[PDB]
Amino acid sequence: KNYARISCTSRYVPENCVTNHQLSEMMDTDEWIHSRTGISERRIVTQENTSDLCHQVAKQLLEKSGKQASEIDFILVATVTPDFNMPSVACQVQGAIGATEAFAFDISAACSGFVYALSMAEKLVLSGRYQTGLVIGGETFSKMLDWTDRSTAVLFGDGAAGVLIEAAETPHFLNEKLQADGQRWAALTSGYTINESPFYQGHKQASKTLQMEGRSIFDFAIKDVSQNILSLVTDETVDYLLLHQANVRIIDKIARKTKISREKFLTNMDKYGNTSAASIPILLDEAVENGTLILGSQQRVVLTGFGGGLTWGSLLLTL
Amino acid sequence: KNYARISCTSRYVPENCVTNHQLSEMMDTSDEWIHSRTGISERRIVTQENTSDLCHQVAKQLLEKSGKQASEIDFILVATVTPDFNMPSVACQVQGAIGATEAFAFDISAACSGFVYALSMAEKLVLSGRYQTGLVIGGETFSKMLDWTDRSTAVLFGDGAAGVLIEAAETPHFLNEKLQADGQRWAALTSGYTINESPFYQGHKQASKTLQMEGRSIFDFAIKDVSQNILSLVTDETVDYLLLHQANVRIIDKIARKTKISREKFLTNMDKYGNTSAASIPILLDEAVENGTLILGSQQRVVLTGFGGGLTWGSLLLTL
Ligand SMILES: CCN(CC)S(=O)(=O)c1cc(C(=O)Nc2ccccc2C(=O)O)ccc1Br
Ligand SMILES: CCN(CC)S(=O)(=O)c1cc(C(=O)Nc2ccccc2C(=O)O)ccc1Br
């Protein structure tokens, strides 16, 4: 019994809802934002940090699935906006829910973090040493954004979602391709921390607040992510695709390039905008609560993420 | 042929070298004060390199020493809690600088247990049959995260990195592992907080990024929980050497006594490097291979055990 499947899904975002309207009044930018990106509103934290969000997801997953915290063999969080560098968010969550038996760590892979982490989760299970784990992508990008730069401030939201993953009799994780190219890392940065020790003599002026090269990542998505997807499926072999919800125009393009039915690409960024590592799991959980996807349906679903790094990767799983 | 094994090791620390003598003039205290407390004589401190650079060198050296081509690498894991950016990972930055164009890459956050956590992870990856060659580097630039006025913590840490090449093998090398965590104590050991000053945030948080360390809580923690962790894998009979996080030799002394394992088997490293966090074990590992103390493909029973922020701890039992 070596195979793994997703056994439960859960999401949690902050109740504070911020509209393009609100952001524009505040910024001076009207809903060219929506036609530009497919975004209408995101959720923004007013009191929560990232562990607060991931906690909720962890708590909900235990509730809905009816497992004890002590069943969890491990907890991976894919974030790039953790409360601290140390402790990891996962350790904070692991404490908060009393999963005494779990080891936990965070995975740093930007918008690919949830796919990378679900992939690593699958390996931890295939080994036979671990049966049950929680994988959660969570992010509070609002504390990284320079809110007076309308270029990006409008793009990102805060949120969190994840899944419970347990061992199974039959395979579900069918294939995967994980890729990266740090020869283009310049294109999407955040969270630089400046060394001001008495011994440091560099005066590097990297930003602490997020910064992206808009044209580069966009171009990178269409060409590279499209090839990565086609590396796993054609239209005949996939039923749905949950892509990192970073821009609806990317979704459109990737669909035409890949010749995969546009209908099959679920969308979400209208309500949540770009929540990075959280984006796929949020979408996933909505689609399940919508009734679009059903655990055990055997629907053929590919999850594909892409973002800073640069990183990208796809999973083909039968649900 | 799906068993990970360590096929090569290497390490890199900045050139700038800060002796107790120096800190003691700096911090206005004595040579002996520093030494008595830490058990350390000198340690390396960056002056122009970030974690990504220290890891770069490591990867670079593992490539040259193993005579492997970067294009052969399938994955790069970096254990670090002091990255250049949160995004991109140090792992990716390294992956760019060495043209490992075929490898995917990410960071693992698990503080002073990172290397062990990460090594464990590479085993699963290789074990799956999807990947055969990977770099697993622990590197840390913790000097940027200390209040250098405080002789209490700042005299403890040094910078640097070091890691291993892992390759697929016919015969299993990784025998047993136990990874543990206790987030109910995460307050004990913290760094790198980052305050939300968004226009929407109405919370009220102070936030030195500078480390906060509850000394005796984590000292007693290490002596108790680590010991029990080490014993669930081996006893004195079934181990040749143990590579532990180099936090403070007195922890290594007390743990030896609890486990009832020969003290000479616990390799020790800290005089000249100080506490290098995720770096500590893989640097100890490369020195020991220099000495010839450890010999690759000898079948020496070895256990690498880490413990640190989280709280995290964990041990790998592998055959060298
Ligand atoms: C030609 C596209 N341009 C406007 C429609 S844009 O470059 O300004 C732009 C371009 C992107 C983009 O390509 N984003 C990403 C691409 C890959 C991975 C992650 C992202 C992300 O936004 O997180 C998002 C928003 C805008 Br506005
Ligand atoms: C009672 C112990 N005291 C002096 C012997 S101490 O708190 O100053 C101290 C206490 C520790 C310690 O307990 N460190 C750790 C414990 C668990 C995990 C990691 C570490 C680490 O320092 O990396 C290390 C050095 C000193 Br000096």
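Note that ligands are numbered from 1 as they come in the structure, with each ligand's atoms numbered from 1 the same way. A, B, ... follow the sequence lines: proteins, then strands. Residue 1 opens every chain.
- In this model, a donor atom of one side chain and an acceptor atom of the other lie less than 3.5 Å apart for A:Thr79 and A:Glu139.
- For ligand 1, the polar-atom distance check finds no N/O of A:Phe156 at less than 3.5 Å from any of the ligand's N/O atoms.
- B:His245 and B:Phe307 have perpendicular rings, their planes meeting at more than 60° on a 0 to 90° scale where under 30° would count as parallel.
- At a 4.0 Å heavy-atom cut-off, ligand 2 touches B:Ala247 through backbone and side chain alike.
- Contacts between B:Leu311 and ligand 2, counted as non-hydrogen atom pairs separated by less than 4.0 Å, are absent for every part of the residue.
- For atom 15 (C) of ligand 2, the closest non-hydrogen atom of the protein is B:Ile218 CD1, 3.6 Å.
- Which parts of ligand 1 touch A:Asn274 is read off a 4.0 Å heavy-atom cut-off, strictly below it: atoms 21 (C), 22 (O), 23 (O).
- Both the backbone and the side chain of A:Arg36 come within 4.0 Å of ligand 1, judged by heavy-atom distances.
- Note on ligand 2: B:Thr38 sits outside its first shell, no heavy atom being nearer than 4.0 Å.
- With distances taken over non-hydrogen atoms, the option nearest atom 4 (C) of ligand 2 out of B:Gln246, B:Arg250, B:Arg216 is B:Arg250.
- Under the 4.0 Å distance rule, the nearest protein heavy atom to atom 22 (O) of ligand 2 falls inside the cut-off.
- Close contacts between ligand 1 and A:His244 involve ligand atoms 23 (O) [criterion: under 4.0 Å to a heavy atom].
- Looking at atom 2 (C) of ligand 1, its nearest protein heavy atom turns out to be A:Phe218 CD1, 3.4 Å.
- Taking the six-membered ring where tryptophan is involved, the planes of A:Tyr116 and B:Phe104 are perpendicular, since the angle between them exceeds 60° and thus also 30°.
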